[PDB]
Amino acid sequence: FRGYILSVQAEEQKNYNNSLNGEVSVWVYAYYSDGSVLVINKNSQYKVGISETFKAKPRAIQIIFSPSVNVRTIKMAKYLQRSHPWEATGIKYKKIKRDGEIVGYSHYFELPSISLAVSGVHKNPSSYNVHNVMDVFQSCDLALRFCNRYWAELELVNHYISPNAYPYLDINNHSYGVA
């Protein structure tokens, strides 16, 4: 029956993504004073991060991870003689839910130009058991990065979030994603 096969094939996808061959994804949304939105997305195996400068106008930031991330591994960096190299910010991430299922994890914060870097490791319990180290080194080379700008959030939502089934939270706290 075409109802039963569809259901098991969803359970296979979950097991694949939660294996160490599943990707970890991160998005960084920079909300600008003219109402436009810049989004940087990176996807990779084993671990993933973004490091960028948001120059001129940016007013707030939202960082979204795929559900494969281990929230406790998330780290973020933002006088040189007296500063810590990162903060562990996982406790500030909110679950994005769709039909009861976690589709992502969101950290939104307002800015008082900023340089920002964020990093997270795949959930799999084998992650801190370094598969060979050289496989992780190759994953750093194979990571794909995407960057584009949208005129307003409505346009980002209808032509970037919705058509690609990405997880998201908009200004009205409406949540997006596919369970």
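Throughout, we count residues from 1 along the sequence that is shown.
- The entry shows a gap from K78 to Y79, with 4 to 9 unmodelled residues of the deposited sequence in between.
- In this entry, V130 and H131 are separated by 1 to 3 residues of the deposited sequence that lack coordinates.
- Comparing 103 to 111 with 79 to 87, the stretch with the higher mean C-alpha B-factor in the PDB entry is 79 to 87.
- Averaged over their C-alpha atoms, the temperature factors of 47 to 55 and 137 to 145 are higher for 47 to 55.
- The PDB entry assigns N18 a C-alpha temperature factor belonging to the middle third of its chain's modelled residues.
- The entry lists a Cα temperature factor for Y31 that places it in the middle third of the chain's modelled residues.
- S126: CA B factor lies in the highest third for its chain, per the PDB record.
- The PDB entry assigns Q9 a C-alpha temperature factor belonging to the highest third of its chain's modelled residues.
- In this PDB entry, the Cα temperature factor of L154 sits in the top third of its chain's modelled residues, the highest group.
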